[PDB]
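Next up: just one chain, as structure tokens, the form deposited without its partner chain.
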């Protein structure tokens, strides 16, 4: 049995939506014809740590063979998009840099890096900036909560 995957839209609680720029994932207020730039996600339900509440997922940009991943860059956990080979990915046992623990509270989602615990997927308050990770979700004005809608 292949890994379970479902296509979805994910957007932040400030209503920013995701799109690609200069091959970085960015969040902004797409409007008019640009709304068609919105990137849908393939969410795969991967192997990860047993948990009462968290659900391990990998997040790929639909049909692009590009996965969100977490790596150290200048000694700081950092979000980067990694190209993957569709002959091998997604799969049940994905490498830990690709795994996020999906956390649902009040039907909003947070995505915690499994590689770097306590670092969460985030967007800036400013539009059209790269998506990032933060371990200080409750400082400043970064956004770490998301809505989602499965599509098909």
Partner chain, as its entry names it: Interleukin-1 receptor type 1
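Positions refer to the first chain, counted from 1.
Another form exists, solved in complex with its partner chain; not displayed. Remarks below refer to it.
- Residue contact with its partner chain in the entry with it bound: residue 132 places no heavy atom within 4.5 Å of it.
- Under a 4.5 angstroms non-hydrogen atom cutoff, its partner chain in the entry with it bound has residue 55 among its neighbouring residues.
- Shown alone here, residue 3 lies within 4.5 Å of its partner chain in the entry with it bound, counting heavy atoms only.
- Using a 4.5 angstroms threshold between heavy atoms, residue 45 counts as touching its partner chain in the entry with it bound.
- Candidate site formed by 11, 21 and 51: every one of these residues places a non-hydrogen atom within 4.5 angstroms of its partner chain in the entry with it bound.
- Per the 4.5 Å heavy atom criterion, its partner chain in the entry with it bound is contacted by stretch 27 to 35, the sole one of 63 to 71, 79 to 87, 110 to 118, 27 to 35.
- Contact annotation for 115 to 144: residues with any non-hydrogen atom within 4.5 angstroms of its partner chain in the entry with it bound are 126, 127, 128, 129, 130, listed in sequence order.
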